[PDB]
$ cat coords33.tsv   # TSV, C-alpha atoms
chain	number	residue	atom	x	y	z
A	154	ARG	CA	85.15	106.98	86.63
A	155	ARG	CA	87.47	106.66	83.61
A	156	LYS	CA	90.64	106.96	85.72
A	157	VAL	CA	89.57	104.12	88.05
A	158	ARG	CA	90.72	101.54	85.50
A	159	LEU	CA	94.10	103.30	85.31
A	160	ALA	CA	96.83	101.56	87.29
A	161	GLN	CA	98.01	104.85	88.84
A	162	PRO	CA	95.20	107.01	90.32
A	163	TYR	CA	96.15	110.69	90.34
A	164	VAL	CA	94.63	114.13	89.82
A	165	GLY	CA	96.07	117.55	88.99
A	166	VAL	CA	94.78	120.80	90.47
A	167	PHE	CA	95.56	124.15	88.84
A	168	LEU	CA	94.77	127.79	89.64
A	169	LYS	CA	92.41	129.88	87.54
A	170	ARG	CA	93.18	133.43	86.44
A	171	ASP	CA	91.26	136.56	87.41
A	172	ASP	CA	87.77	137.05	85.97
A	173	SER	CA	86.77	133.40	86.29
A	174	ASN	CA	84.53	132.22	83.45
A	175	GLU	CA	83.06	128.73	83.31
A	176	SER	CA	82.62	128.87	79.53
A	177	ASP	CA	86.23	129.94	78.97
A	178	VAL	CA	87.42	126.88	80.90
A	179	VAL	CA	86.01	124.58	78.22
A	180	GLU	CA	86.67	127.08	75.40
A	181	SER	CA	90.23	128.23	76.18
A	182	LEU	CA	92.96	126.31	78.01
A	183	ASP	CA	95.14	129.42	78.48
A	184	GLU	CA	92.89	130.76	81.25
A	185	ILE	CA	94.29	128.27	83.77
A	186	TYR	CA	97.63	129.15	85.33
A	187	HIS	CA	100.71	127.23	84.22
A	188	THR	CA	101.56	126.24	87.79
A	189	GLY	CA	99.79	123.17	89.15
A	190	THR	CA	99.93	120.44	91.78
A	191	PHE	CA	99.54	116.71	91.13
A	192	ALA	CA	98.42	114.34	93.88
A	193	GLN	CA	96.72	110.99	94.48
A	194	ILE	CA	93.00	110.56	95.09
A	195	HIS	CA	92.32	109.28	98.60
A	196	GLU	CA	88.76	107.94	98.28
A	197	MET	CA	85.45	109.01	96.75
A	198	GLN	CA	82.56	109.77	99.11
A	199	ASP	CA	79.72	111.26	97.02
A	200	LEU	CA	77.55	111.47	100.14
A	201	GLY	CA	74.98	114.02	98.96
A	202	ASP	CA	76.47	115.28	95.70
A	203	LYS	CA	77.61	112.99	92.89
A	204	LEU	CA	80.98	114.80	92.92
A	205	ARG	CA	82.71	115.28	96.30
A	206	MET	CA	86.31	114.66	95.29
A	207	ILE	CA	89.15	115.14	97.78
A	208	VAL	CA	92.16	117.13	96.55
A	209	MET	CA	95.52	117.62	98.26
A	210	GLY	CA	98.71	119.40	97.26
A	211	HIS	CA	101.47	116.79	97.00
A	212	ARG	CA	103.77	117.51	94.03
A	213	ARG	CA	103.93	121.11	92.82
A	214	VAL	CA	105.05	121.75	89.24
A	215	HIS	CA	105.29	124.60	86.71
B	154	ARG	CA	104.10	106.39	101.25
B	155	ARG	CA	106.64	105.27	98.63
B	156	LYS	CA	104.69	102.07	97.92
B	157	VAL	CA	101.40	103.90	97.29
B	158	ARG	CA	102.53	104.79	93.76
B	159	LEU	CA	103.59	101.17	93.19
B	160	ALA	CA	101.28	99.19	90.91
B	161	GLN	CA	101.15	96.26	93.35
B	162	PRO	CA	101.10	97.40	97.02
B	163	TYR	CA	102.30	94.58	99.27
B	164	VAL	CA	103.75	94.52	102.79
B	165	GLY	CA	105.98	91.75	104.13
B	166	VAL	CA	105.59	90.35	107.64
B	167	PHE	CA	108.55	88.65	109.35
B	168	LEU	CA	109.35	87.45	112.87
B	169	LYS	CA	112.15	88.62	115.14
B	170	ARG	CA	114.50	86.25	116.97
B	171	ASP	CA	115.34	86.16	120.68
B	172	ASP	CA	116.86	89.17	122.44
B	173	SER	CA	114.82	91.79	120.61
B	174	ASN	CA	116.89	94.88	119.81
B	175	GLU	CA	115.84	97.69	117.48
B	176	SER	CA	119.44	98.76	116.79
B	177	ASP	CA	120.44	95.26	115.66
B	178	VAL	CA	117.54	95.22	113.18
B	179	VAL	CA	118.98	98.17	111.27
B	180	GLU	CA	122.59	97.05	111.88
B	181	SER	CA	122.27	93.31	111.13
B	182	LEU	CA	119.66	91.57	109.00
B	183	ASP	CA	120.21	88.18	110.69
B	184	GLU	CA	118.04	89.12	113.69
B	185	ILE	CA	114.79	88.81	111.72
B	186	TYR	CA	113.75	85.24	110.95
B	187	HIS	CA	114.01	84.01	107.37
B	188	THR	CA	110.36	82.92	107.39
B	189	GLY	CA	107.96	85.64	106.29
B	190	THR	CA	104.33	86.27	105.38
B	191	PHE	CA	103.55	88.58	102.47
B	192	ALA	CA	100.12	90.21	102.34
B	193	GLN	CA	98.36	93.20	100.82
B	194	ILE	CA	97.64	96.47	102.62
B	195	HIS	CA	93.98	97.14	103.43
B	196	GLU	CA	93.74	100.84	104.33
B	197	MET	CA	95.69	103.42	106.33
B	198	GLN	CA	93.87	105.05	109.25
B	199	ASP	CA	96.44	106.77	111.51
B	200	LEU	CA	93.75	107.69	114.02
B	201	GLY	CA	95.96	108.58	116.98
B	202	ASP	CA	99.50	108.03	115.69
B	203	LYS	CA	101.09	108.76	112.33
B	204	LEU	CA	101.86	105.05	111.73
B	205	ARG	CA	99.08	102.48	112.27
B	206	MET	CA	99.54	99.85	109.56
B	207	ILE	CA	97.54	96.62	109.26
B	208	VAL	CA	99.12	93.24	108.55
B	209	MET	CA	97.46	90.02	107.41
B	210	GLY	CA	98.80	86.50	107.00
B	211	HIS	CA	98.12	85.60	103.37
B	212	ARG	CA	101.20	84.11	101.65
B	213	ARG	CA	103.66	82.34	103.95
B	214	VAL	CA	107.18	81.84	102.62
B	215	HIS	CA	110.53	80.45	103.79
$ encode --input "coords33.tsv" --output "structure tokens"
Amino acid sequence: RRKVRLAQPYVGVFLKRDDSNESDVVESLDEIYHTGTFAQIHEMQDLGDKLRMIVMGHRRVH
Amino acid sequence: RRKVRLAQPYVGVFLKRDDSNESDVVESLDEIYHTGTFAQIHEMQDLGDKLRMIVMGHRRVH
């Protein structure tokens, strides 16, 4: 909801390392892999769940 | 796709002259009439084809 006001809507998707840990995601930023992919949000649906975001791989980066 | 990242997405609508010819459009810019109609894009669908783009008449210009 905070990025809606932004002129450019975009989202980055990364890859987590082995031994996934939800706590470590918020505790340590080194768990996530350096490589990532930035893209543009298409449209929010939130049909049944409040978060149903759509993610696509558009611009890969390291 | 290039205009999606643009802050202001707009599409221009013009009118072709007599003796329609696709090659002349890319070869000579005189074929298309000077008068145009700029308008904003609504939403891309591409249901059957990969290019199905909507045009509206909002701001006429000469």
$ residues_around --input "coords33.tsv" --residues "residue 161 (chain A)" --least-positions-apart "3" --cutoff "10 Å" --atoms "all atoms listed in the file" --output "number ranges by chain"
A: 156-158, 164, 193-194; B: 157-160
$ atom_distance --input "coords33.tsv" --atom1 "CA of residue 201 (chain A)" --atom2 "CA of residue 167 (chain A)"
25.1 Å
$ calpha_fit_and_write --input "coords33.tsv" --fixed "chain B" --moving "chain A" --output "PDB file with C-alpha atoms, in the frame of the given file"
ATOM      1  CA  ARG A 154     104.206 106.516 101.354  1.00  0.00           C
ATOM      2  CA  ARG A 155     106.783 105.334  98.791  1.00  0.00           C
ATOM      3  CA  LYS A 156     104.878 102.116  98.013  1.00  0.00           C
ATOM      4  CA  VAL A 157     101.642 104.008  97.247  1.00  0.00           C
ATOM      5  CA  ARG A 158     102.922 104.870  93.768  1.00  0.00           C
ATOM      6  CA  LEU A 159     103.701 101.180  93.189  1.00  0.00           C
ATOM      7  CA  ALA A 160     101.116  99.401  91.055  1.00  0.00           C
ATOM      8  CA  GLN A 161     100.970  96.424  93.450  1.00  0.00           C
ATOM      9  CA  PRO A 162     100.551  97.375  97.147  1.00  0.00           C
ATOM     10  CA  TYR A 163     101.970  94.691  99.434  1.00  0.00           C
ATOM     11  CA  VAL A 164     103.858  94.300 102.705  1.00  0.00           C
ATOM     12  CA  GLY A 165     105.938  91.507 104.230  1.00  0.00           C
ATOM     13  CA  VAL A 166     105.910  90.629 107.924  1.00  0.00           C
ATOM     14  CA  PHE A 167     108.715  88.580 109.481  1.00  0.00           C
ATOM     15  CA  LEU A 168     109.452  87.218 112.961  1.00  0.00           C
ATOM     16  CA  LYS A 169     112.275  88.532 115.117  1.00  0.00           C
ATOM     17  CA  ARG A 170     114.675  86.286 117.015  1.00  0.00           C
ATOM     18  CA  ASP A 171     115.084  86.096 120.786  1.00  0.00           C
ATOM     19  CA  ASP A 172     116.698  89.045 122.572  1.00  0.00           C
ATOM     20  CA  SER A 173     114.981  91.689 120.454  1.00  0.00           C
ATOM     21  CA  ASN A 174     117.179  94.724 119.799  1.00  0.00           C
ATOM     22  CA  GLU A 175     115.961  97.769 117.900  1.00  0.00           C
ATOM     23  CA  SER A 176     119.495  98.808 116.936  1.00  0.00           C
ATOM     24  CA  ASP A 177     120.333  95.352 115.577  1.00  0.00           C
ATOM     25  CA  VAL A 178     117.312  95.546 113.266  1.00  0.00           C
ATOM     26  CA  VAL A 179     118.895  98.431 111.359  1.00  0.00           C
ATOM     27  CA  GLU A 180     122.457  97.152 111.921  1.00  0.00           C
ATOM     28  CA  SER A 181     122.098  93.434 111.116  1.00  0.00           C
ATOM     29  CA  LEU A 182     119.580  91.776 108.793  1.00  0.00           C
ATOM     30  CA  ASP A 183     120.324  88.267 110.127  1.00  0.00           C
ATOM     31  CA  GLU A 184     118.380  88.917 113.342  1.00  0.00           C
ATOM     32  CA  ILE A 185     115.039  88.527 111.553  1.00  0.00           C
ATOM     33  CA  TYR A 186     113.865  84.978 110.933  1.00  0.00           C
ATOM     34  CA  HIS A 187     114.032  83.605 107.399  1.00  0.00           C
ATOM     35  CA  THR A 188     110.341  82.700 107.418  1.00  0.00           C
ATOM     36  CA  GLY A 189     107.922  85.486 106.524  1.00  0.00           C
ATOM     37  CA  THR A 190     104.421  86.251 105.282  1.00  0.00           C
ATOM     38  CA  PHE A 191     103.544  88.616 102.431  1.00  0.00           C
ATOM     39  CA  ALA A 192     100.111  90.227 102.196  1.00  0.00           C
ATOM     40  CA  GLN A 193      98.276  93.246 100.786  1.00  0.00           C
ATOM     41  CA  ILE A 194      97.651  96.456 102.710  1.00  0.00           C
ATOM     42  CA  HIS A 195      93.942  96.991 103.326  1.00  0.00           C
ATOM     43  CA  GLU A 196      93.802 100.716 104.147  1.00  0.00           C
ATOM     44  CA  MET A 197      95.724 103.235 106.245  1.00  0.00           C
ATOM     45  CA  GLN A 198      93.944 104.798 109.226  1.00  0.00           C
ATOM     46  CA  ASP A 199      96.533 106.819 111.192  1.00  0.00           C
ATOM     47  CA  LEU A 200      93.817 107.912 113.624  1.00  0.00           C
ATOM     48  CA  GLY A 201      95.985 108.985 116.564  1.00  0.00           C
ATOM     49  CA  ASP A 202      99.434 107.735 115.575  1.00  0.00           C
ATOM     50  CA  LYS A 203     101.068 108.508 112.232  1.00  0.00           C
ATOM     51  CA  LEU A 204     101.666 104.757 111.773  1.00  0.00           C
ATOM     52  CA  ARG A 205      98.708 102.401 112.362  1.00  0.00           C
ATOM     53  CA  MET A 206      99.286  99.908 109.567  1.00  0.00           C
ATOM     54  CA  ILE A 207      97.114  96.798 109.239  1.00  0.00           C
ATOM     55  CA  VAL A 208      98.948  93.504 108.677  1.00  0.00           C
ATOM     56  CA  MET A 209      97.481  90.109 107.801  1.00  0.00           C
ATOM     57  CA  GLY A 210      99.016  86.726 107.060  1.00  0.00           C
ATOM     58  CA  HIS A 211      98.138  85.808 103.470  1.00  0.00           C
ATOM     59  CA  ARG A 212     101.084  84.100 101.727  1.00  0.00           C
ATOM     60  CA  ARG A 213     103.621  82.360 103.959  1.00  0.00           C
ATOM     61  CA  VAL A 214     107.127  81.799 102.591  1.00  0.00           C
ATOM     62  CA  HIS A 215     110.574  80.635 103.750  1.00  0.00           C
TER      63      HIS A 215
END
$ atom_distance --input "coords33.tsv" --atom1 "CA of residue 190 (chain B)" --atom2 "CA of residue 162 (chain B)"
14.3 Å
$ closest_residue --input "coords33.tsv" --among "B:177, B:154, B:202, B:208" --to "residue 189 (chain B)" --atoms "all atoms listed in the file"
B:208
$ residues_around --input "coords33.tsv" --residues "residue 195 (chain A)" --least-positions-apart "5" --cutoff "9 Å" --atoms "all atoms listed in the file" --output "MDAnalysis selection string"
chainID A and resid 206:209
$ atom_distance --input "coords33.tsv" --atom1 "CA of residue 198 (chain A)" --atom2 "CA of residue 166 (chain A)"
18.6 Å
$ closest_residue --input "coords33.tsv" --among "A:203, A:186, A:180, A:196" --to "chain B" --atoms "all atoms listed in the file"
A:196
$ closest_residue --input "coords33.tsv" --among "B:215, B:200, B:165, B:173" --to "residue 187 (chain B)" --atoms "only C-alpha atoms"
B:215
$ closest_residue --input "coords33.tsv" --among "A:179, A:185, A:197, A:192" --to "residue 213 (chain A)" --atoms "only C-alpha atoms"
A:192
$ decode --input "coords33.tsv" --residues "region 168-207 of chain B" --atoms "N, CA and C atoms" --output "PDB file, in the first residue's frame"
ATOM      1  N   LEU B 168      -4.863   9.829 -38.092  1.00  0.00           N
ATOM      2  CA  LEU B 168      -5.678   9.338 -39.194  1.00  0.00           C
ATOM      3  C   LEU B 168      -4.828   9.250 -40.453  1.00  0.00           C
ATOM      4  N   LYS B 169      -4.965   8.142 -41.176  1.00  0.00           N
ATOM      5  CA  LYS B 169      -4.217   7.945 -42.407  1.00  0.00           C
ATOM      6  C   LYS B 169      -4.917   8.635 -43.575  1.00  0.00           C
ATOM      7  N   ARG B 170      -4.135   8.948 -44.604  1.00  0.00           N
ATOM      8  CA  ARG B 170      -4.654   9.598 -45.797  1.00  0.00           C
ATOM      9  C   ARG B 170      -5.111   8.537 -46.798  1.00  0.00           C
ATOM     10  N   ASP B 171      -5.469   8.971 -48.003  1.00  0.00           N
ATOM     11  CA  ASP B 171      -5.925   8.048 -49.028  1.00  0.00           C
ATOM     12  C   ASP B 171      -4.780   7.145 -49.482  1.00  0.00           C
ATOM     13  N   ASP B 172      -5.147   6.042 -50.133  1.00  0.00           N
ATOM     14  CA  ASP B 172      -4.182   5.055 -50.613  1.00  0.00           C
ATOM     15  C   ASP B 172      -3.357   4.503 -49.449  1.00  0.00           C
ATOM     16  N   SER B 173      -4.054   3.834 -48.533  1.00  0.00           N
ATOM     17  CA  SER B 173      -3.401   3.270 -47.359  1.00  0.00           C
ATOM     18  C   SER B 173      -2.291   2.314 -47.776  1.00  0.00           C
ATOM     19  N   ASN B 174      -1.128   2.459 -47.146  1.00  0.00           N
ATOM     20  CA  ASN B 174       0.028   1.624 -47.455  1.00  0.00           C
ATOM     21  C   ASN B 174       0.907   1.548 -46.218  1.00  0.00           C
ATOM     22  N   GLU B 175       1.072   0.339 -45.677  1.00  0.00           N
ATOM     23  CA  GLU B 175       1.857   0.174 -44.458  1.00  0.00           C
ATOM     24  C   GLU B 175       3.310   0.578 -44.676  1.00  0.00           C
ATOM     25  N   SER B 176       3.881   0.219 -45.829  1.00  0.00           N
ATOM     26  CA  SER B 176       5.281   0.538 -46.089  1.00  0.00           C
ATOM     27  C   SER B 176       5.515   2.043 -46.082  1.00  0.00           C
ATOM     28  N   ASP B 177       4.609   2.807 -46.696  1.00  0.00           N
ATOM     29  CA  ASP B 177       4.774   4.256 -46.737  1.00  0.00           C
ATOM     30  C   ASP B 177       4.737   4.864 -45.341  1.00  0.00           C
ATOM     31  N   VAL B 178       3.995   4.251 -44.416  1.00  0.00           N
ATOM     32  CA  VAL B 178       3.909   4.787 -43.059  1.00  0.00           C
ATOM     33  C   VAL B 178       5.287   4.803 -42.409  1.00  0.00           C
ATOM     34  N   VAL B 179       6.032   3.705 -42.545  1.00  0.00           N
ATOM     35  CA  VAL B 179       7.373   3.646 -41.973  1.00  0.00           C
ATOM     36  C   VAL B 179       8.399   4.352 -42.849  1.00  0.00           C
ATOM     37  N   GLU B 180       8.126   4.505 -44.144  1.00  0.00           N
ATOM     38  CA  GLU B 180       9.051   5.185 -45.044  1.00  0.00           C
ATOM     39  C   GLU B 180       8.862   6.699 -45.015  1.00  0.00           C
ATOM     40  N   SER B 181       7.620   7.162 -45.138  1.00  0.00           N
ATOM     41  CA  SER B 181       7.301   8.582 -45.148  1.00  0.00           C
ATOM     42  C   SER B 181       6.289   8.890 -44.054  1.00  0.00           C
ATOM     43  N   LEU B 182       6.507   9.997 -43.351  1.00  0.00           N
ATOM     44  CA  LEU B 182       5.615  10.434 -42.286  1.00  0.00           C
ATOM     45  C   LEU B 182       4.507  11.354 -42.784  1.00  0.00           C
ATOM     46  N   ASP B 183       4.488  11.679 -44.078  1.00  0.00           N
ATOM     47  CA  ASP B 183       3.453  12.544 -44.629  1.00  0.00           C
ATOM     48  C   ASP B 183       2.128  11.813 -44.819  1.00  0.00           C
ATOM     49  N   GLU B 184       2.149  10.480 -44.891  1.00  0.00           N
ATOM     50  CA  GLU B 184       0.920   9.733 -45.139  1.00  0.00           C
ATOM     51  C   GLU B 184      -0.106   9.975 -44.038  1.00  0.00           C
ATOM     52  N   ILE B 185       0.332   9.964 -42.785  1.00  0.00           N
ATOM     53  CA  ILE B 185      -0.570  10.149 -41.655  1.00  0.00           C
ATOM     54  C   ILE B 185      -0.962  11.617 -41.560  1.00  0.00           C
ATOM     55  N   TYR B 186      -2.245  11.865 -41.304  1.00  0.00           N
ATOM     56  CA  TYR B 186      -2.738  13.233 -41.223  1.00  0.00           C
ATOM     57  C   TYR B 186      -2.110  13.962 -40.041  1.00  0.00           C
ATOM     58  N   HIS B 187      -1.971  15.281 -40.190  1.00  0.00           N
ATOM     59  CA  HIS B 187      -1.421  16.094 -39.110  1.00  0.00           C
ATOM     60  C   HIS B 187      -2.319  16.052 -37.880  1.00  0.00           C
ATOM     61  N   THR B 188      -3.634  16.102 -38.082  1.00  0.00           N
ATOM     62  CA  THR B 188      -4.564  16.071 -36.962  1.00  0.00           C
ATOM     63  C   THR B 188      -4.408  14.777 -36.174  1.00  0.00           C
ATOM     64  N   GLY B 189      -4.472  14.894 -34.845  1.00  0.00           N
ATOM     65  CA  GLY B 189      -4.350  13.745 -33.975  1.00  0.00           C
ATOM     66  C   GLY B 189      -5.262  13.879 -32.772  1.00  0.00           C
ATOM     67  N   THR B 190      -5.319  12.804 -31.987  1.00  0.00           N
ATOM     68  CA  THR B 190      -6.153  12.762 -30.786  1.00  0.00           C
ATOM     69  C   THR B 190      -5.394  11.985 -29.714  1.00  0.00           C
ATOM     70  N   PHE B 191      -4.814  12.712 -28.763  1.00  0.00           N
ATOM     71  CA  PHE B 191      -4.103  12.088 -27.657  1.00  0.00           C
ATOM     72  C   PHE B 191      -5.083  11.641 -26.579  1.00  0.00           C
ATOM     73  N   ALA B 192      -4.810  10.476 -25.997  1.00  0.00           N
ATOM     74  CA  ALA B 192      -5.640   9.933 -24.932  1.00  0.00           C
ATOM     75  C   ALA B 192      -4.808   8.957 -24.114  1.00  0.00           C
ATOM     76  N   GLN B 193      -5.309   8.643 -22.923  1.00  0.00           N
ATOM     77  CA  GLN B 193      -4.619   7.753 -22.002  1.00  0.00           C
ATOM     78  C   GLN B 193      -5.021   6.304 -22.250  1.00  0.00           C
ATOM     79  N   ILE B 194      -4.103   5.393 -21.937  1.00  0.00           N
ATOM     80  CA  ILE B 194      -4.354   3.965 -22.082  1.00  0.00           C
ATOM     81  C   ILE B 194      -5.162   3.479 -20.887  1.00  0.00           C
ATOM     82  N   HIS B 195      -6.119   2.587 -21.145  1.00  0.00           N
ATOM     83  CA  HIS B 195      -6.997   2.082 -20.093  1.00  0.00           C
ATOM     84  C   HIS B 195      -6.434   0.815 -19.452  1.00  0.00           C
ATOM     85  N   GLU B 196      -6.265  -0.243 -20.243  1.00  0.00           N
ATOM     86  CA  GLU B 196      -5.735  -1.501 -19.738  1.00  0.00           C
ATOM     87  C   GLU B 196      -5.478  -2.431 -20.913  1.00  0.00           C
ATOM     88  N   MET B 197      -4.386  -3.187 -20.834  1.00  0.00           N
ATOM     89  CA  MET B 197      -4.023  -4.144 -21.871  1.00  0.00           C
ATOM     90  C   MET B 197      -4.633  -5.501 -21.548  1.00  0.00           C
ATOM     91  N   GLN B 198      -5.257  -6.119 -22.551  1.00  0.00           N
ATOM     92  CA  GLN B 198      -5.916  -7.409 -22.395  1.00  0.00           C
ATOM     93  C   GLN B 198      -5.202  -8.509 -23.171  1.00  0.00           C
ATOM     94  N   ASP B 199      -5.008  -8.327 -24.475  1.00  0.00           N
ATOM     95  CA  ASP B 199      -4.335  -9.310 -25.321  1.00  0.00           C
ATOM     96  C   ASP B 199      -4.959 -10.694 -25.144  1.00  0.00           C
ATOM     97  N   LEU B 200      -6.279 -10.745 -25.334  1.00  0.00           N
ATOM     98  CA  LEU B 200      -7.012 -11.991 -25.132  1.00  0.00           C
ATOM     99  C   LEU B 200      -6.612 -13.037 -26.167  1.00  0.00           C
ATOM    100  N   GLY B 201      -6.763 -12.711 -27.449  1.00  0.00           N
ATOM    101  CA  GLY B 201      -6.442 -13.645 -28.511  1.00  0.00           C
ATOM    102  C   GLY B 201      -5.109 -13.357 -29.168  1.00  0.00           C
ATOM    103  N   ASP B 202      -4.836 -12.084 -29.430  1.00  0.00           N
ATOM    104  CA  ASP B 202      -3.591 -11.655 -30.046  1.00  0.00           C
ATOM    105  C   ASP B 202      -2.679 -11.017 -29.004  1.00  0.00           C
ATOM    106  N   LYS B 203      -1.425 -10.805 -29.399  1.00  0.00           N
ATOM    107  CA  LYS B 203      -0.438 -10.192 -28.520  1.00  0.00           C
ATOM    108  C   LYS B 203      -0.491  -8.670 -28.539  1.00  0.00           C
ATOM    109  N   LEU B 204      -1.343  -8.074 -29.373  1.00  0.00           N
ATOM    110  CA  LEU B 204      -1.480  -6.619 -29.444  1.00  0.00           C
ATOM    111  C   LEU B 204      -2.959  -6.297 -29.637  1.00  0.00           C
ATOM    112  N   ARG B 205      -3.620  -5.897 -28.550  1.00  0.00           N
ATOM    113  CA  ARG B 205      -5.017  -5.453 -28.576  1.00  0.00           C
ATOM    114  C   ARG B 205      -5.081  -4.217 -27.682  1.00  0.00           C
ATOM    115  N   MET B 206      -4.886  -3.047 -28.284  1.00  0.00           N
ATOM    116  CA  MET B 206      -4.699  -1.806 -27.543  1.00  0.00           C
ATOM    117  C   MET B 206      -5.889  -0.885 -27.778  1.00  0.00           C
ATOM    118  N   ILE B 207      -6.410  -0.315 -26.693  1.00  0.00           N
ATOM    119  CA  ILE B 207      -7.606   0.518 -26.729  1.00  0.00           C
ATOM    120  C   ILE B 207      -7.206   1.964 -26.981  1.00  0.00           C
TER     121      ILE B 207
END
